[PDB]
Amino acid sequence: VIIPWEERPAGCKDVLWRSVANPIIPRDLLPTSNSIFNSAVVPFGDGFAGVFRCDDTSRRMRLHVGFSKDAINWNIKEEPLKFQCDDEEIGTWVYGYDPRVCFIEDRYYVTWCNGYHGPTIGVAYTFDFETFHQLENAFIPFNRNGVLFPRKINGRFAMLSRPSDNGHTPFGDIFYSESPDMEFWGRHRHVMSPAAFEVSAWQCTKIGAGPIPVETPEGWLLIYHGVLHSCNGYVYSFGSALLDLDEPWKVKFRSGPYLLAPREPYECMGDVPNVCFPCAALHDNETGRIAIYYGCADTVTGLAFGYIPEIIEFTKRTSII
């Protein structure tokens, strides 16, 4: 697996740096796409695969499969994916957004914000990114920013989530839950809350999980978004925390500064201005390299690069825990 990479520019001191090829996925890649801004990406085969949020010209929210040789240039299917489901009630499509994908043990799991009398977390698996078998929704509405851990945590599946409401939710804590079987969920634990505005305002309104947690010797590296409320709306930035390995609802370090915030025209102008919303990462433990995918202005998808050891140090050095 060769992950995408660009070397940190000369004299850049930032922990993460934007791809000079951003945006890597344009808003109009498909004949009917309005925007493409969640890219739930993983290695697959001799390349990469992913589940993409592609909102169409009707402003419907759909998920599409994509493939790529280099993880930068994507061939996304024109037709939305369809989930196969034994149960007619759960298998009913209303809408879907916020996908996340990860491989656990023997297959790829997809979670997404699935409408079922409100936003909840849908769950499906695939062996091949062609047929997807839909499982029970993991939780009762309202919930989103569902993000699985990439292995079992002491014998059970684990998921981060984000209790919400039925609108543009003005609050949001990260939570942790477990399941023995991808059907029945429990042992719910609070992970963290928005910071106080006077401490770290980029994350003081609400927060939610981003990429699949990345295992490091110093804890699970969580890349997560945070919201700040100005008089003219919300600004979405993102940052990092380290979670205990065995009890990942225990936050050990949490960054004060953001890692990335809306700065470039493609992040500050578009369907929802001033949004950097991380959705996936690819990483390489040998080199420490990480590549983070993020939606820009809810319009296009970008990539940013960093080193895991540098991120860990930044997280601990600036920690507000």
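Numbers follow the displayed sequence, beginning with 1.
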Checklist outcome for this item: Once average C-alpha B-factors are taken from the entry for 242-250 and 83-91, the winner is 83-91
Next on the checklist: If you take the mean CA temperature factor per stretch, which one wins between 203-211 and 183-191?
Outcome noted: 183-191
Checklist entry - Looking at 225, 162, 77, 100, which has the highest CA B-factor as recorded? => result 77
Next on the checklist: Highest Cα temperature factor in the entry, among the options 46, 55, 271, 267: which one is it?
Outcome noted: 46
Checklist entry - Once the chain's modelled residues are ordered by C-alpha B factor and cut into thirds, is residue 9 in the lowest, middle or highest one? => result highest
Next on the checklist: How does the C-alpha B factor of residue 261 compare with the rest of the chain: lowest, middle or highest third?
Outcome noted: lowest
Item to check | Among modelled residues of the same chain, the CA temperature factor third for residue 275 | outcome: lowest
Checklist entry - If you rank every modelled residue in this chain by C-alpha B factor, which third holds residue 219: lowest, middle or highest? => result highest
Next on the checklist: Among the modelled residues of this chain, does the Cα B factor of residue 170 put it in the lowest, middle or highest third?
Outcome noted: highest
